[PDB]
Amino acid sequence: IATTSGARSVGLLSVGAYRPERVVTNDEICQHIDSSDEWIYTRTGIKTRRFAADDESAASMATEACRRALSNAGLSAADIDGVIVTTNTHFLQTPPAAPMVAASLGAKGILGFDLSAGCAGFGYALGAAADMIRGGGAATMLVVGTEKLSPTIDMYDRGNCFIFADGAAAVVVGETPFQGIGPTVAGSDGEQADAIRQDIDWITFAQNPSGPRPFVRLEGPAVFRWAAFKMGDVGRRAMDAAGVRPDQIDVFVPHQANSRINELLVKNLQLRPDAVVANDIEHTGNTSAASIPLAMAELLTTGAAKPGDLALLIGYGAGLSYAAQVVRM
């Protein structure tokens, strides 16, 4: 059986982001909840979040982000060989969103599939995209994070009601002059699968329509407990596998899960004080799979981070799964 290969040096050629129009203030979700506006900010670091419209979906937003990621890479849908969509909010057990976003982009026949890790979907997808390109299975791909979580949020669960938002962001991954994506370091803890979860599976609900509705529930104390003592290490491994020292990373894009925890990680990771740190979480909240892509994109528009900058990506979330890697913006 033959063996093929592709460019051994791949890298992020661009980032396209799409953030819904509707801005949701805490007061807005603080109408049915008595969780003090200011408290949420100081606790999580969030001020506002974006919510998609009713006619939008994880998919529509996905294809839009790609349109932009495409334009920014100065590329055509004709240039993409495959697309990977990471999401946890495509409300169809089948068909997947990938082929639809593909046909929707014009590259209707290209290979593709949906990737579903926790909120750490992106890291896994970017890693797989690079793995497929080096294998000679594609040259240029799209990797998109999208989530329309608002519909899954219970306005009365004061512990997850202000954490999630909707949004999308894509990246174009292709051959590159010098490695622009380091080895993937990921993992999990399914023993704590319940940390972040949907409480009632759709089938149980369908055979009990009259009963309760399903909503995402988040056990912060545990998720953040795990993140605090686990992510710093996964972080060092990621840098260690990329061949870098904690002092060499210029931008740090951890999962926009909680500002305070991200800060703790900054110390533990031992990065330079002047290292730019994604804080997009402030006016976008937690977008699970789309978090990091949007975090990067936010850093670039402001110029806070510049193309070429050395970045450390660290995603963590539901099911209790994480994915981290070093890359160039």
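In case it trips you up, residue 1 is the first one in the sequence shown, and so on.
- Remark: stretch with higher mean C-alpha B factor among 16 to 24 and 312 to 320 is 16 to 24.
- The deposited model assigns a higher average Cα B-factor to 206 to 214 than to the other stretch when 179 to 187 and 206 to 214 are compared.
- Ranking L265, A58, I46, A278 by the C-alpha B-factor listed in the PDB entry places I46 at the top.
- Taking the PDB entry at face value, the top CA B factor among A69, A289, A62, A304 belongs to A304.
- Sort the chain's modelled residues by C-alpha temperature factor and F162 lands in the highest third, per the entry.
- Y156 sits in the highest third of its chain by CA B factor, as recorded in the PDB entry.
- Annotation for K108: CA B-factor lies in the highest third of the chain's modelled residues.
- Ranked by C-alpha B-factor against the other modelled residues of its chain, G220 falls in the highest third.
- In the deposited entry, the Cα temperature factor of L269 sits in the bottom third of values across the chain's modelled residues.
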